[PDB]
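As structure tokens, one chain now follows by itself in the form deposited in one PDB entry.
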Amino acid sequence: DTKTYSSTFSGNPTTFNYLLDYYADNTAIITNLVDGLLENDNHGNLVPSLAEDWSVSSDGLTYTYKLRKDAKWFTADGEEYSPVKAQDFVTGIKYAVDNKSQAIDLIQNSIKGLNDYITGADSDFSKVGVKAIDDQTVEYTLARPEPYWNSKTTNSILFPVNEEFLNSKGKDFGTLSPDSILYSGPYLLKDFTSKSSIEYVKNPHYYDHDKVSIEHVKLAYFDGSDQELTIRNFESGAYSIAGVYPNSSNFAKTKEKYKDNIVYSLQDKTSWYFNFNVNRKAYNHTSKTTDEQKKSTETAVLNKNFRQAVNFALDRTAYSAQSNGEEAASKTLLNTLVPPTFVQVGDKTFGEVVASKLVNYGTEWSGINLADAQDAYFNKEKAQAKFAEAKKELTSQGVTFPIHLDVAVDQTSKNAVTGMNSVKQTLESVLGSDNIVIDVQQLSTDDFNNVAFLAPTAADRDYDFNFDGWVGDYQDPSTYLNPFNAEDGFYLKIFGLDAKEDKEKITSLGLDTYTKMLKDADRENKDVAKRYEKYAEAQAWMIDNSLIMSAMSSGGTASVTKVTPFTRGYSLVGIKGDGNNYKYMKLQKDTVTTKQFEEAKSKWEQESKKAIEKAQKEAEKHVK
């Protein structure tokens, strides 16, 4: 019926500890079970959640939230545990900070006194700027004004937690058991079974239950190997939605039956990219047979000309053409970590300012165009010219050619294997097989996670070259650039680098320069455009030095669905505005037509801009 959403999930959640872990595989579940202060409407605005009202002081340093009194904690079986109280938000911050939360960078230098508490300069948590004024009133005091602070509250590190429940659970809080957490969101977790099934049930006593349409959400684990019978399960009526893959063995019959139902998503908040390992130590998944090969590859990835040569030879259209259509491949393309229209800088977009900083860095960037839905980088002649310069400097260091680059892939996901094999075919043909060889290491899902995506330390990452992403956490360009800073960036590990042990290689690469540019940008809090311009300079550094090679965004791909379009929560940042938030999602009996979808998108476009204007003006009513 319209009350049951049935689909698939492909991630491997590892923990429901929403205060210590902020990997999306986990928070995509948590967002339906735990509410924060605010959430997102279907237009992208921030709207009340647990907080029914809020205020900010004139100096922008004090944010006060009023908790609605019918906000309650429930156990997994649905029984009420306790009303949510403002002290639960103080407990959340202290627990997340005392246990070195993965997401600690979002609050460490923003909440007043928190950095002094973290470093041990002052161990009195009463001096930290989070307080419970009474049971319904929580107050955050900041180190500096942050217009994006309210957007930060849609991340789970800023979610509340009951202190009595946390202390009695102790070590057993936030495991993979539904009984390891308390529930304050629209749904209860009926069942989780790893690599099998997820089931939600609507919470009848949730304060906003009258807005929750879908009563049951059933997700079955999907490897990504049989891209087919998801469409057959959609035909059966077993599934509410099914992706359609043009490179499947039956797309011909699938297209002619669903010709009027195939719809394409929008580009959303995930920024995808390729990156090098510049400090590889683990060598358990490699086609290299000798030290000379390993020494050669290690020196090559540290050469700027080599990285630019690979960057200019990587055809992003071909990589996207393997999963999506050969025509539809260009829809997903993205050339920056910060979306080019994420912010405006005077009369310029962010991407336009980045390109203006980029052209001043070298003639290899003249004419650069970082717009969406097109490949800014691919250029065979500049790739070959860069590699010729790289080849002459690497031979002086005793580097043998061809260079072997390892890239690890999930063997079971056919999209990833064929995509990485297209990068192999492109890079080997543009640069020459006598100059570079791409060795695609097909690993099991567990194995790939053990040595790449979920590798415990930076020295455990077993590759020379990888494909990863990042989701915006708050409304500021720093959210896409801070993760790669060499002081405390959470994603510094993907380069194989550790902030303490690898400081001379960090300086050798110029990552100290990049970190200082971000620190220089972060000090700008009165002139917001100047702040954006200085983050644009840092984005230009990352593009030019080619440790990161931006590729595409999520979304922009094809599917057939029974989900009524543009009803779910929507956001550019946070965990409360993506396709995993079922609260506002609505289902229909008939399959969505391309006519219905494109008309809804047009009106959603109009109504969102009108709604965003009104919410920006209404927000001034809260400055009291």
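Numbering starts at 1 and runs along the sequence shown.
Unshown form deposited in another entry; subsequent notes refer to it.
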Rigid part versus rigid part between this form and the one not shown; hinge residue out of 101, 556, 511, 85: 556
Note on residue 108-residue 515 C-alpha separation in the other form, which departs from the shown form by 3 angstroms or more: farther
Distance trend in the other form - C-alpha atoms of residue 349 and residue 43, change of 3 Å or more: closer
